[PDB]
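Protein chains in written order, with the authors' numbering: chain Y, 12 to 216; chain d, 1 to 75; chain h, 123 to 182; chain p, 3 to 92; chain K, 1 to 80; chain L, 594 to 642; chain M, 1 to 491; chain m, 5 to 81. From the three backbone atoms N, C-alpha and C, an ideal C-beta is built for every residue, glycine too. Presented below is the structure to which this report refers.
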Amino acid sequence: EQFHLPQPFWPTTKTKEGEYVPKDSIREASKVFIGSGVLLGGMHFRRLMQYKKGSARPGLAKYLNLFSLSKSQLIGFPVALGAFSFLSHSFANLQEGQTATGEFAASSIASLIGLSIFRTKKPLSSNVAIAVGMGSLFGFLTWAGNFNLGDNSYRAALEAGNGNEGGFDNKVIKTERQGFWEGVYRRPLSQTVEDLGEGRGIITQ
Amino acid sequence: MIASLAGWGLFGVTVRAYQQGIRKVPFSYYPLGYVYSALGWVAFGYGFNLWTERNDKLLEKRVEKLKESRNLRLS
Amino acid sequence: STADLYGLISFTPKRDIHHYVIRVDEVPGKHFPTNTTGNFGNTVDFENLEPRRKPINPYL
Amino acid sequence: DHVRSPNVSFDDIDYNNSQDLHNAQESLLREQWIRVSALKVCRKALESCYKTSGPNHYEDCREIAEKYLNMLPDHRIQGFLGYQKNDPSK
Amino acid sequence: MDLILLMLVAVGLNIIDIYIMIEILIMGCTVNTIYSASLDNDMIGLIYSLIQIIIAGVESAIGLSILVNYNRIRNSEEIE
Amino acid sequence: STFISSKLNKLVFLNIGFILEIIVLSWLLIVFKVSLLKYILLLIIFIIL
Amino acid sequence: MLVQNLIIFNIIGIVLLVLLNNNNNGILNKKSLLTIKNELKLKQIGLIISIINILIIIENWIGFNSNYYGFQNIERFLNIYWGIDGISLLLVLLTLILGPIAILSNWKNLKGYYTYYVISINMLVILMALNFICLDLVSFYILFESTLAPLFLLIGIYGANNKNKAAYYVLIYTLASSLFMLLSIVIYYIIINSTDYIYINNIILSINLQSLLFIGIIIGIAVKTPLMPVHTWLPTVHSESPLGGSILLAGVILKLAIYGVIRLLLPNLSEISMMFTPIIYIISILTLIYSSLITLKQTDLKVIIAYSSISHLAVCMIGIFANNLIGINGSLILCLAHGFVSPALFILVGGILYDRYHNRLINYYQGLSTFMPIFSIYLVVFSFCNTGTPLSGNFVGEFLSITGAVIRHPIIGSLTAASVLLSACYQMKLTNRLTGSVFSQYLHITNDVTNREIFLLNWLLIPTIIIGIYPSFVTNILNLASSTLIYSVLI
Amino acid sequence: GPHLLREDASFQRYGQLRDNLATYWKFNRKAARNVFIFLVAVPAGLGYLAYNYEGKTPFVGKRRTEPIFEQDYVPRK
Ligand SMILES: CCCCCCCCCCCCCCCCCC(=O)OC[C@H](COP(=O)(O)OCCN)OC(=O)CCCCCCCCCCCCCCCCC
Ligand SMILES: CCCCCCCCCCCCCCCCCC(=O)OC[C@H](COP(=O)(O)OCCN)OC(=O)CCCCCCCCCCCCCCCCC
Ligand SMILES: CCCCCCCCCCCC(=O)OC[C@H](COP(=O)(O)OCC[N+](C)(C)C)OC(=O)CCCCCCCCCCC
Ligand SMILES: CCCCCCCCCCCC(=O)OC[C@H](COP(=O)(O)OCC[N+](C)(C)C)OC(=O)CCCCCCCCCCC
């Protein structure tokens, strides 16, 4: 018998058992790593031609220097994203679906792999603090429901008959649990016991 | 309905009273000023109530159609 | 009553590529600047034109 | 004056009628406060017996002590949110 | 190739060189419209192209006027 | 905030080359598939450092 | 009547005070009569309005019925429905009573601009008083956040050496968190299409959606009643704000967060409140034990009282989340009793000592019972009340809150009993040091407590000991109101 | 008023330091040793006891169903 704790999670599209064909974790990271390497590598050479055309000009070198990537960054960035895409997809298959802790785990490690390359001359604690910080942002970005809840938004539930457009009533009790956005006047007591558990005033004293 | 224009006018007195402080003048300066600022907002207050009463008539009729549409949805 | 009225107004009907408002009140091509009858591909007849979809005024 | 409780149950009314729902909540509160008042009376009977019996308090105050320890868990204010929002039958 | 932003190497290092790139960029839009309009035998596309050429001219004149006054503003001693 | 704002202040400077380059980069958001947004979100966070 | 008379009169009073003071500004220098004696006439009109505000509510207290369940005195003003029930009535009474006392505390210890101060104090009191008598989450939030605008300016203008740090703390801590309370209020308006108290009390939500709304709201509450680890704003603001700002920020503002539980969590989120109550106890018990231990290592006089405020409010939250009438009534009596004892200490520490020696460091003060005996009688008397001595109103609140805590959870709720011991550690150490050994060699003999400062003390002690000796005055109002908050199904 | 307090230069430094310990604080291995104990170790330990017994203690009016005293005596001698 386990404990009863709250579940503060936004609704998600549940995948039926047997759904969720996994995606190639090697191939997916290969596209991002190779692709990002050519862009960052290609833009570097393009910015080198702009350096040759104008060097004595102060404003031109003022802006070109901002975009310049150190030799470590031109290598560290593609590796991190390639590591990020591999770990993000791999943890998606292990969980049978993308989760916040998977995205936290992928983002923090991938940052640590990347940060240890283009930020060598900094204490390892300084990197782990940054990598854990960047982990939280992807944990919260996934927990919040990506950029949009999509089908789980109240608008979608309302447009599907699962919203509170229909009012409430005490004489109509639903044996099954109500939807995420749905409200009711009265509930089956078995749902309260299966949530609160017996004890401190529920059923018994 | 005069009481509604009474409140709007009293808001007109406050703006002229609040104008005196910004200009840093005694609040009894140019007593005809309070009449002009009062009447200006009664003109606005008169029109504003006309606009809101017009909104009530329009919104009652629109809700008549929205209630019917919900019933078709709630079938 | 306020909760009812807001529930009516705040609701947004679903729009797909099947139902949406298009504000065209007539079929073009009745008269052209010149050579109105081209390759005779204008199968639309304006003498027996079916009624168009007039817009709904929800305040009327 | 002494207002009569509006004896009303959650199981016979429509919660859409928030006037009747109010009475169902007010009626379930008032009955509970009676049980505490009933409980405080029973405890008074126990106290007289123990003071009066002395050594015989275990005998002359046997069923009162038994009854008081039986009514104690349930003769307390519990509110109406428990029963309004839950359905024992289901 | 142009995904590495090669066109930035092809634009000179003067304000007047930016103005020309804007014209060459818009010129591509008009040529695209003339291409579609002629294939479709549609004169409405040719009306659009005529407007684009006329509007692209007014944009040049205002930009040059700002640039001209920008230039004389520095050379504004005129105390002789 | 002192670290973040010190980076953002360095970016606001009157320069045609800078603003033109930023705009053309943003055309990539129309080319890349939308599933690559989070990687661009990480790449942006890196160049802060 | 009530709110309409309470707003219209106060607005009229605020306009009247502004007209009188600013008339002479003009283009010429002015030496008028209203400036004489440090704006004394304008301070008096501010003090009368505070007294009149109390008379407005009493006009409606007479009509109150203790045997009626439901909101009374219901009225609609500004398209907002108001009303009073048992719990709200007493907190309104406390808020308005601290009006005259907050103004009287700062009678002659500001460098100037007394009219601005008097207007702000009466403005903050009205905003907080109105916060107990609204009947929707949106209007609750509006009044819950509007107090930042005067309080932020008041602390910045009239504060101590670190007033800029204190101003930047109250504004951001209490806004970056209450904005999380706005999100859960908004979601109530999206699914239910209404935020009215009664309408939302009857709806049950999915246990996942209950957990989200609770987390949002309790984030906004855990800052106002500072629970570790987000309490860092209160000690700083107290040590720097004006003395009158400290009386309101401790007397009332903290109790708005306990009233936040009564309206926003227990009735409508009853199922998820049961789940979080074990977690709430863990946070509050650790708040009780850590705040008491941290106080043992503090040096500023006015900070030391600030942390004592946190330990009591943790006990209040412990009691209110107990699912019985004993815990709820005890928590509310403690909030009322703390509402007088806490302001009294700041008067003793930041209002009587600080107005004579202008230094809050503890090292300078000892042996104060020699040349300031009347001060040391009240410091001793209020030290005991602050630590739950049985004859005060704090013991009734703490004993019941501890009793209710054990009833709800016998094992961990018993650790609330550490409040009786720890509260006597940091407090009695402070009093024993202040009134012990020889008189300090850094201070100079001066006046004892003045007649005004005695009046402030006597009328914060008198209500405290009435509630202690006969707490049934509070209870007879609370019982039917507090019995609607209990969630339990017994079969 | 008249500065009735003989202000001390050393007490002011002590008061200045004690109200500004945040500036000199570092997140060294010592702080993490303390930070882990107070923010995680204690809350989890109590958090387990709170949830373990949450509902397992029906102590209201608990009754006795087992004798206290012993009946027969079994001497060693
Ligand atoms: C003859 C060829 C000439 C040269 C060709 C190569 C040109 C050099 C440019 C680099 C190549 C990569 C970019 C090429 C176009 C962008 C990629 C694209 O269009 O999407 C296709 C590809 C995956 O496509 P796919 O999912 O298989 O589509 C079928 C689905 N059933 O999407 C991909 O994932 C491919 C890899 C792209 C990932 C790299 C970018 C990831 C993020 C790094 C940041 C890049 C810079 C950020 C700037 C953002 C500014 C806001
Ligand atoms: C592929 C080409 C290269 C990458 C281009 C990326 C284009 C998209 C960027 C969008 C914002 C435009 C920023 C303006 C252009 C910045 C160009 C740049 O990188 O300049 C470098 C600058 C700091 O320069 P510095 O490091 O001091 O000098 C380098 C010495 N070699 O570094 C910066 O100042 C960049 C940081 C600017 C602010 C970006 C932060 C955006 C917010 C992202 C975090 C959002 C977090 C929200 C939380 C929930 C989501 C996780
Ligand atoms: C130095 C001074 C400091 C401040 C002092 C306080 C001054 C208070 C003044 C009292 C005035 C009064 O009583 O206003 C009463 C009048 C009329 O009310 P009614 O007829 O019931 O209309 C219905 C009002 N309901 C809903 C309360 C019933 O409303 C007003 O004019 C409203 C003020 C104008 C607000 C701006 C909205 C209009 C512009 C729209 C562009 C966005
Ligand atoms: C119940 C709600 C009513 C609404 C009140 C609105 C405030 C506007 C008052 C203007 C009067 C004025 O500008 O006058 C100024 C007055 C009095 O200044 P003084 O000390 O006499 O003059 C000083 C100069 N001398 C002495 C040299 C002559 O100070 C005030 O303003 C105080 C109250 C407002 C401060 C906080 C405003 C925050 C607004 C947002 C709140 C949600």
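Identity of the residue in the options nearest residue i by Cα
i: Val143 of chain Y; options: Y:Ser201, Y:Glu39, Y:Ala117 and Y:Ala167; result: Y:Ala117
i: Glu58 of chain m; options: Y:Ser66, Y:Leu126 and Y:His15; result: Y:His15
i: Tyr169 of chain M; options: M:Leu153, M:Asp136, M:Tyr281 and M:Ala102; result: M:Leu153
i: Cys316 of chain M; options: M:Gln298, M:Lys224 and M:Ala149; result: M:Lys224
i: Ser482 of chain M; options: M:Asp136, M:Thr299, M:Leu266 and M:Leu296; result: M:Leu266
i: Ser119 of chain Y; options: Y:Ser99, Y:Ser201, Y:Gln109 and Y:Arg130; result: Y:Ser99
i: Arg174 of chain h; options: h:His153, h:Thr158, h:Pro180 and h:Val146; result: h:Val146
i: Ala344 of chain M; options: M:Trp459, M:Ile304, M:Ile411 and M:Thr174; result: M:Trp459
i: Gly436 of chain M; options: M:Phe382, M:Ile469 and M:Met372; result: M:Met372
i: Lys43 of chain M; options: M:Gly13, M:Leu55, M:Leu28 and M:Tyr69; result: M:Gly13
i: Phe140 of chain M; options: M:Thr195, M:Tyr113, M:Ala176 and M:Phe9; result: M:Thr195
Exposure of residue i, with buried meaning 16 or more beta-carbon neighbours within 10 Å
i: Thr27 of chain m; result: exposed
i: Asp180 of chain Y; result: exposed
i: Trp51 of chain d; result: exposed
i: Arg33 of chain m; result: exposed
i: residue 1 of chain p; result: This structure cannot speak to residue 1 of chain p, because chain p is shown only from 3 to 92.
i: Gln298 of chain M; result: buried
i: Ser55 of chain p; result: exposed
i: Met27 of chain K; result: exposed
i: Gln19 of chain d; result: exposed
i: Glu59 of chain K; result: exposed
i: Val15 of chain M; result: exposed
Boundaries (first-last residue) of the alpha helix (DSSP H) holding residue i
i: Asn72 of chain p; result: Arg64 to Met73
i: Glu176 of chain Y; result: Looking at the DSSP string, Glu176 of chain Y is not in any alpha helix (DSSP H), and its letter there is neither H nor E.
i: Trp233 of chain M; result: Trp233 to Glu240
i: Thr23 of chain Y; result: First-last for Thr23 of chain Y: undefined, no H or E at that position.
i: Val252 of chain M; result: Element bounds for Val252 of chain M: n/a, residue is neither H nor E.
i: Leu266 of chain M; result: Looking at the DSSP string, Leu266 of chain M is not in any alpha helix (DSSP H), and its letter there is neither H nor E.
i: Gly146 of chain Y; result: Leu135 to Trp154
i: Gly47 of chain d; result: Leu32 to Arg73
Backbone secondary structure at residue i - three-state DSSP
i: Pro47 of chain m; result: helix
i: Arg198 of chain Y; result: strand
i: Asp40 of chain K; result: helix
i: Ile79 of chain p; result: coil
i: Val489 of chain M; result: strand
i: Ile637 of chain L; result: helix
i: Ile34 of chain K; result: helix
i: residue 494 of chain M; result: Because chain M spans 1 through 491 in this model, residue 494 of chain M falls outside it and cannot be assessed.
i: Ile48 of chain M; result: helix
i: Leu205 of chain M; result: strand
i: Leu75 of chain Y; result: helix
i: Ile178 of chain h; result: coil
Paired residues, beta bridge with residue i - DSSP
i: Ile84 of chain M; result: M:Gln72
i: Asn104 of chain Y; result: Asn104 of chain Y is not bridged to any residue.
i: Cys134 of chain M; result: M:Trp82
i: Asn88 of chain p; result: Y:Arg198
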